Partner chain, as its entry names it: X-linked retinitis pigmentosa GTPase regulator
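The chain below stands alone and is given in structure tokens; this is the form deposited without its partner chain.
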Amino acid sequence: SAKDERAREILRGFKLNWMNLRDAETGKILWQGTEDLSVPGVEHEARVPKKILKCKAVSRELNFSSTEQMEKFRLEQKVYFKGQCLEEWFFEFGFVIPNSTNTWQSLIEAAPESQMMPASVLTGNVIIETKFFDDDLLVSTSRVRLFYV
């Protein structure tokens, strides 16, 4: 379909350039990287400080480029622990100018009344599954395994 083709065109023109995570309360940088963790078809890995689990809220900056125009660029993310979804997050960027580079800031807030498992239990057992969309059009699905260090 035309939609299938457009999804592949968007992915072809997309790159995640850099990303970081901060403690939202204190502003302290917890993690940064310049690897495109959204590339599909390989299992990515990331090592995050275990103190992230004690943060009430984490702020993320995600810098991306896109050759293609999008009307409603958005993400869905699922936190999987040993194959079970523990949390689902939704974030919207909106309109993307063709051939633009953009920094997208999002807030990841603790769900009540969730409590974090110990880092030692979680480490290597958490997969983040991320789906990019333009509106209802699925552009890519990618996975990252987390280690708490």
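Positions refer to the first chain, counted from 1.
The protein also exists as the form solved in complex with its partner chain; that form is not presented, and the subsequent description refers to it.
Contact annotation: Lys82 falls outside 4.5 Å of its partner chain in the deposited bound form, judged by heavy atom distances.
Taking non-hydrogen atoms only, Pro40 never approaches its partner chain to within 4.5 angstroms in the deposited bound form. Contact between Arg145 and its partner chain in the deposited bound form is found at the 4.5 Å heavy atom cutoff. Though the partner is left out of this view, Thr67 does not reach within 4.5 Å of its partner chain in the deposited bound form, counting heavy atoms only.
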